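Chemist: sequence, then the experimental structure. Questions to follow.
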Amino acid sequence: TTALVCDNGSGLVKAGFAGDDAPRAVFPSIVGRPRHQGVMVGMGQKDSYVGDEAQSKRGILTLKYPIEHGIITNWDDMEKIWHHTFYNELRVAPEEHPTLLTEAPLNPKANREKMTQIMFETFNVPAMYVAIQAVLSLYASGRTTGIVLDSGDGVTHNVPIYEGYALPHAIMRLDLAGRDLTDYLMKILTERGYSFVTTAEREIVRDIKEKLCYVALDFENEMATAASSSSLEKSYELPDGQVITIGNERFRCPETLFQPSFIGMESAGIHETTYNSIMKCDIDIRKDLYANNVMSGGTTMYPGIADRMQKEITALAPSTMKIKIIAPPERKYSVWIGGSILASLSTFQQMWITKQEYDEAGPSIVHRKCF
Amino acid sequence: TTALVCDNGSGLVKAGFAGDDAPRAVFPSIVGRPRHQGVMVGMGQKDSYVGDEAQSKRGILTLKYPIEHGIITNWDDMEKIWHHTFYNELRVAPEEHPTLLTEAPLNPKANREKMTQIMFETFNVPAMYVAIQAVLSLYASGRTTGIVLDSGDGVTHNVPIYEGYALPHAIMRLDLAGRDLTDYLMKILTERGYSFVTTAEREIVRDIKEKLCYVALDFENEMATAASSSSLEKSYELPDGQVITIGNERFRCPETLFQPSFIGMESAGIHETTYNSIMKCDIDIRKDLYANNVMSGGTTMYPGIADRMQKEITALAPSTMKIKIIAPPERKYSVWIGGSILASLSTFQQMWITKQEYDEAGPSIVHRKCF
Amino acid sequence: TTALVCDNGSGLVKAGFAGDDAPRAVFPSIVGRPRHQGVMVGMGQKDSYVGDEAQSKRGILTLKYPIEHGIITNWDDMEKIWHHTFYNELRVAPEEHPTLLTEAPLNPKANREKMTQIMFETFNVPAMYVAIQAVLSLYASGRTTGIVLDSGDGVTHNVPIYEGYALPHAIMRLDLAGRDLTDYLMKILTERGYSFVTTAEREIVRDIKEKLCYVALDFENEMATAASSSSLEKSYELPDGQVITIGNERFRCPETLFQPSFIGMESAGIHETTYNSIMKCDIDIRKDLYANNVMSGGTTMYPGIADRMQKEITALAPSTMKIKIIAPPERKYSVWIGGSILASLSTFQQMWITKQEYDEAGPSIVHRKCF
Amino acid sequence: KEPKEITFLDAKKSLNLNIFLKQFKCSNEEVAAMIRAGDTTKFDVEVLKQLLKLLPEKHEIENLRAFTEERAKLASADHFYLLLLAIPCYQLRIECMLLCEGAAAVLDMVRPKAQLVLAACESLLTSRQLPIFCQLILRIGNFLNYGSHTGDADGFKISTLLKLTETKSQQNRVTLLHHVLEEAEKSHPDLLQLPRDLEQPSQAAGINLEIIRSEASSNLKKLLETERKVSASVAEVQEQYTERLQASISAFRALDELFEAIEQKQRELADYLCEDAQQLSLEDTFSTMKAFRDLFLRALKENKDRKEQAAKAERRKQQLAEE
Ligand SMILES: Nc1ncnc2c1ncn2[C@@H]1O[C@H](COP(=O)(O)OP(=O)(O)O)[C@@H](O)[C@H]1O
Ligand SMILES: Nc1ncnc2c1ncn2[C@@H]1O[C@H](COP(=O)(O)OP(=O)(O)O)[C@@H](O)[C@H]1O
Ligand SMILES: Nc1ncnc2c1ncn2[C@@H]1O[C@H](COP(=O)(O)OP(=O)(O)O)[C@@H](O)[C@H]1O
Ligand SMILES: [Mg+2]
Ligand SMILES: [Mg+2]
Ligand SMILES: [Mg+2]
């Protein structure tokens, strides 16, 4: 029996079978409702479009994200995501395959209650399991200890896990991630005069952020160079045929990750969040966490982030211990990959939360079983 | 010498002297070129009419707005507006007078750059300043804190200012104002048979909207009453002597301000925009923002907009907060009034932009000096 | 000449004249800097705000504590604290009044050095003295023997004094007090969904801690009662009109005082610290220390802490000893009361440090003179 | 189905070994070959730490050697331990690879920092503008303390440079150090080239030299014990590891010669500052000179901002006077 690994991400849902290297269905978590008037008769005009069907027809659809900051807001939209990724994407019955799911750290408990209730009652399963995304990222790295900076679309958290034990107090969570970077990029793109007000324009600027943006190694020198010469100015072609050009904004958008006061989110930087999460731990285990800095998530897929992150941590930490940033190229699906690593194992069969345990203990044995 | 306050608003330009109460020259910003052939020799046949002379002879003139949604489109047209209000209207020498200018927030930077270049090179000044319109509206209100919903002819923006300090993350810009309401009114008067296609007809429909339209407190009961009885119907005499009679369109036209889906815009209403601007601020300062709503601009000159705005915000806010909408009768000229307030201070005299600063820094001092 | 008593604790400052009972100026020791950049005019806005003025405008101010765990971090901020509590609160000159000051035990000496240097160079005094807060708390107790648990905002220390002879080896200091309880309460209110991430929200959570939190007599019985029924739930109105309701977190917050393993601190509770400090003394004097357990500081103002302290000490001590907890209602202000008692003593008038002693011995006589 | 994996381990250790084995993305025969060849490319400190933390136990090795059935019936964990038991002196080879990679890591960690500390001591013994600047501070302090017991002195200690910023003017903004640098910007600019001599004293040690010295001595002792165990082992392990052990012991002996050079320069710096050597004249002097250089550059930057603000105020006053 092949299990199903499904990261229901804030930004992108990644799903597929057990033990695979790549996830089968990778699609953004949006729900598209029509906002203009349908005039043509027949021909299957749906009242809601889910996933890539909403992505293709995004010019006439109001787009809804069901998850904000790692918290499932719209439950019916999330049910549409779940039913689409079971029946249209993977085309598998839920009643004949167990399912692994992901959860953000410092989540509300009733989110886990409703997730367990929906995944046992709406789509009946033989078994399911809920795992922490940072644990699956560290398992995707293959190391038992280390600290994972997991950065999705709504939430960014530093979790140190020593020898398979996730430290609860040392988990640090900041709700600043790539959707906030997308909204800040939509704000600063009006400096050159490119107005973006719609939800489809958010997807266009998100594609611009995925393609063109990059982390600067030194923000002041890059700003002085972009002010001096127009070498960093890059042209992007829009789907209507218009061509825009952007300069310093290729690095000003991820600089909000290092300088969170750009959007007024008054908090420390993510390197400072990482260093304070390290200093929350014991001094005996700090040398292990300094050389095992794993960065997961697609938000960390800018091609300048590792050297700047090592520079900022090496500035923050003393020069005693070795600083090593773990940046795999397959990090964007790595949680799913770690779930696939947790899928095929022999000792996971006792750890499956069964239907009988759900009927015995409600949707509340996931709190005492999973961490 | 005496400073000059010249609000270059999107529809109308209000010019005058600092320290004065009423603006000296209030005239609409239009450029009138002749579209038919002239047959009489001589008689001072100009190739371009500006403002009130273009308003007078508007039947034979193609009319062009130089400012579109707070952005100066044709710079030669705006040069003609500035030359007309400097030399024909106010009749002053620009080289012996400091000048205040007003600007919308989230505006493209090169508009401010070319405004600095024209106001230092074409009309050279001893000093100039560029100020945000909501700051001037709060200064005309006289209170140190509050939130300004400033809706002109092109830009409706929500800006909250607490203790004199601007919060730029909660500044919310939406380009939906009275010219778009005029175009929607020109769309909906074709249901009764009254066709209007020309720019002179656009100014006639604008005059109809200024004279007859009003904000309904409840849209549905007013629509049911207008469909029920012809009590709300009003008649207007056109300049050829034709008399039109309109019903529900007196309140259907400003309802686009509360429902942008009528013109197909995906964004929500200005009350929802104000609630999102309040909720983007910190949790401490919201109680002062609830009771200090400062409505400025000519678009707030409908005689039902304050009660509807209080009703919608009181529906939106938690119920234990005091909702107070401050609607002064002189809110149309409040940008000029606050400019005359701010220009007449001895503390403001160090805050000017001088010619030496311009020759030192190029036209780039205005980004670092002005907010 | 009226002497001054200025208890400069980590969170609050209680200052006033000697020979008085009620502290004349009680205000929090916070320094508020403007968080967002804005110049404006504002009719002479202050560049920093001290205490109640910083508490008033706290939504737009970065709040900085100059003292952390009894140790002054920012000395210029402490100088601004001293200037406000000399010139604005009390409105007295420093050079015409002697000023008694308080200090936690086991302070690093450079804090005492810079305190003496500031109190003799820039805020110059005729005389000053640096004392121990537990000695002043026993002075407000009125007896001579006994052990004092003084718990301020950063420091909880147990000091035994027998016949006026403090034993320095048995003084036990633990850096766990009400600021750490406030940080733990900010950590545990996120379970119920309420988010508090800013320093202005720390004041709200600290007010929740001061009003609603209480010490459980039995932790496990109260936890089972809160898990069973919601009768221990208490509501609290937020300043934006929102109402929260909290259950077990009323008594989970002070249980960090008796069990520091909640926040990961490896040390034992303050009852075990008290028992170890009593058992570190001589065996003859321990009966007076059991009968004169004095609790002071504002952190011990929860209305269950004396019964729980008596229960834990009577569990720890042999049962033949009489266990008595001295818990006055004025234990919050007792350090300032004992400072007025000490500065009112005629025998203490030979113990002051003069300006000529500071000039002759440098800034080094305060180690030899003061304990 | 075949659930009888005949695994002699428990669930958790076999779980952690199945976590550990799957990151290599290859068969366990390649892992046993890389153990036997001593290849350290895929084997960093953490992988060999996890491998030594998942060592086979005595009853596990005894049950593997008593297993007489087909070896395909075993799990991948027990087959990996049978491949591990097939390697002679396998734990010795793992300890050689771990100690060689750790010795290379600690040598590249410590040795540029130790060269920085030695160059810091050499530039603190021999500094060009430091006696002229100390003579200027001495003359200004002898003018300031004229009439007191501290004045009319011929010198001061190195802690006086930390106390330069403690003394301030009537405005309480221009310090003693700020006024001396505002005077030295006009009169003697060569003292502004003082950090160019202090740039090797810049960044200090930043570390405790006793911690890295005890780690270097413990690593050298472990390398000597490991080379003695390899010298007791077979000649294949000898030809695999003895040259790497000899280079590691030679580089750590050069590091111990460097540490003795730092001790000799520490005694010379204690005699330079006229202080006894029993107190900490090494890390306190590095922290003192690092803080002195940081306050020196901050005084340069604050005097630069003061002169720029005075020039901008003069330009604003001239522009207001012209208007
Ligand atoms: N190359 C890239 N550059 C910048 N941002 C990216 C890149 N790739 C992905 N992202 C963003 O990072 C986020 C990380 O996605 P992921 O964590 O896999 O899903 P989710 O964020 O929904 O949990 C995505 O929402 C995506 O928008
Ligand atoms: N009595 C009125 N009722 C409703 N709207 C009005 C009235 N008078 C003017 N307006 C609208 O206000 C606009 C003028 O706004 P204005 O004060 O010129 O703003 P700005 O200066 O920013 O352009 C006009 O376009 C008109 O549509
Ligand atoms: N009602 C209360 N409940 C709980 N804690 C309190 C209360 N009042 C004051 N505190 C605590 O007392 C501390 C203030 O100490 P205080 O008695 O003013 O001495 P000092 O002025 O030396 O700091 C603060 O940390 C605060 O948390
Ligand atoms: Mg994801
Ligand atoms: Mg205007
Ligand atoms: Mg105090």
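Modeler: Yep, it's here. Numbering: from 1, shown residues only, chains lettered A, B, ... in the order given. Ligands and ions are numbered 1, 2, ... in the order given.
Chemist: assign whichever residue of the stretch 101-250 of chain D sits closest to ligand 5 to helix, strand or coil.
Modeler: At 44.4 Å from ligand 5, residue D:173 is the closest residue in the stretch 101-250 of chain D, using C-beta to the ion. In short, each C-beta sits where N, CA and C put it, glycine included. Per DSSP: H, G, I helix; E, B strand; the rest coil, the local secondary structure of residue D:173 is coil.
Chemist: near chain B, which residues of the stretch 151-300 of chain A?
Modeler: Taking C-beta under 8 Å from any C-beta of the partner chain as the contact definition, the stretch 151-300 of chain A meets chain B at A:187, A:190-193, A:195, A:197-199, A:263-264.
Chemist: format the residues you listed as a markdown table; extra columns: distance to residue B:245 and neighbour count.
Modeler: Listed next are those as a markdown table, based on distance: C-beta to C-beta, whole Å; neighbours: other C-beta atoms under 10 Å in any protein chain shown:
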| residue | distance to residue B:245 | neighbour count |
| --- | --- | --- |
| A:187 | 46 | 18 |
| A:190 | 43 | 16 |
| A:191 | 48 | 18 |
| A:192 | 48 | 14 |
| A:193 | 43 | 13 |
| A:195 | 39 | 15 |
| A:197 | 37 | 14 |
| A:198 | 38 | 17 |
| A:199 | 41 | 20 |
| A:263 | 52 | 17 |
| A:264 | 52 | 15 |
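Chemist: which one of those residues is nearest to residue D:214?
Modeler: Residue D:214 lies nearest to residue A:263 out of these, by C-beta to C-beta, at 47.2 Å.
Chemist: need the phi and psi values for the closest one.
Modeler: phi -100, psi 10 (degrees, to the nearest 10).
Chemist: do residue A:120 as well
Modeler: The phi and psi values for residue A:120, taken as degrees, to the nearest 10, are phi -110, psi -20.
Chemist: now the one 10 residues further on
Modeler: Dihedral angles phi and psi of residue A:130 (degrees, to the nearest 10) take the values phi -120, psi 130.
Chemist: next, the distance between the ends of stretch A:145-154.
Modeler: By C-alpha to C-alpha, to the nearest Å, the extent of stretch A:145-154 from end to end equals 25 Å.
Chemist: which non-adjacent residue is nearest the closest residue to ligand 4 within the stretch 151-300 of chain A?
Modeler: In the stretch 151-300 of chain A, the residue found nearest to ligand 4 is residue A:152; the distance is 4.7 Å by C-beta to the ion. In space, and not counting its chain neighbours, residue A:152 is closest to residue A:10: 4.7 Å by C-beta to C-beta, 6 or more residues apart in numbering or on different chains.
Chemist: the residue in the stretch 151-300 of chain A positioned nearest to chain D: neighbour count?
Modeler: Closest approach between the stretch 151-300 of chain A and chain D, counting by C-beta to the nearest C-beta: residue A:292, at 6.5 Å. By the measure other C-beta atoms under 10 Å in any protein chain shown, the count of residues near residue A:292 is 24.
Chemist: repeat for residue D:163
Modeler: When neighbours are counted by other C-beta under 10 Å, residue D:163 registers 12.
Chemist: check the gap between the residue of chain D found nearest ligand 2 and chain C for me.
Modeler: Using C-beta to the nearest ligand atom, the single residue of chain D nearest to ligand 2 is residue D:323, 29.3 Å away. Distance, residue D:323 to chain C, by C-beta to the nearest C-beta, to the nearest Å: 20 Å.
Chemist: what sits against that residue?
Modeler: Applying C-beta atoms under 8 Å, 6 or more residues apart in numbering or on different chains, one finds that residue D:323 lies in contact with B:126-127, B:354.
Chemist: what parts of chain A come near ligand 4?
Modeler: Near ligand 4, the residues belonging to chain A are A:9, A:152 when assessed by C-beta under 5 Å from the ion.
Chemist: helix or strand: which one has the residue of the stretch 51-200 of chain A found nearest ligand 5?
Modeler: Per C-beta to the ion, residue A:190 is where the stretch 51-200 of chain A lies closest to ligand 5, at 18.6 Å. Using DSSP states H and E, residue A:190 sits in no helix or strand.
Chemist: quick check, it in contact with residue B:109.
Modeler: No. Using C-beta atoms under 8 Å, residue A:190 makes no contact with residue B:109, being 9.3 Å away.
Chemist: mind listing the helices for the stretch 251-371 of chain A?
Modeler: Here the stretch 251-371 of chain A has its helices, by DSSP state H, counting those that start in this stretch, at A:255-258, A:270-279, A:286-290, A:305-316, A:334-341, A:355-361, A:365-369.
Chemist: counting neighbours, what do you get for the spatially closest residue to residue A:365 that is not a sequence neighbour?
Modeler: Nearest residue to residue A:365, sequence neighbours excluded (C-beta to C-beta, 6+ apart): residue A:357, at 5.2 Å. Residue A:357 is flanked by 15 other residues according to other C-beta under 10 Å.
Chemist: surely residue A:357 and residue A:364 touch.
Modeler: No. If you go by C-beta under 8 Å, residue A:357 and residue A:364 don't touch, sitting 10.2 Å apart.
Chemist: contact partners of the strand or helix carrying residue D:77?
Modeler: Per DSSP H and E, residue D:77 falls inside helix D:76-86. Contact partners of helix D:76-86, identified using C-beta under 8 Å, 6+ apart, comprise D:5-9, D:14, D:17-18, D:21, D:28-29, D:31-32, D:35, D:56, D:60-61, D:64-65, D:67, D:71, D:74, D:90.
Chemist: can you show me the CA trace of that helix as CSV?
Modeler: C-alpha atoms of helix D:76-86 as CSV (Å, rounded to 0.1, in the frame of the first residue of the first chain):
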residue,chain,number,x,y,z
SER,D,76,19.2,-3.1,5.4
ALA,D,77,20.4,-2.1,8.9
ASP,D,78,21.7,-5.6,9.8
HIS,D,79,23.2,-6.1,6.3
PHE,D,80,24.9,-2.7,6.8
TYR,D,81,26.3,-3.9,10.1
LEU,D,82,27.4,-7.1,8.5
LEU,D,83,29.2,-5.1,5.9
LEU,D,84,30.6,-2.9,8.7
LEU,D,85,31.8,-6.0,10.6
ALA,D,86,33.4,-7.3,7.4
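Chemist: next, the buried residues of that helix.
Modeler: Going by neighbour count (16 or more other C-beta atoms under 10 Å in any protein chain shown), the buried part of helix D:76-86 is D:76-84.
Chemist: tell me how far the nearest residue to residue A:200 once chain neighbours are set aside lies from residue A:85.
Modeler: In space, and not counting its chain neighbours, residue A:200 is closest to residue A:58: 4.3 Å by C-beta to C-beta, 6+ apart. Here residue A:58 is placed at a distance of 19 Å from residue A:85 (C-beta to C-beta, to the nearest Å).
Chemist: lovely, talk soon.
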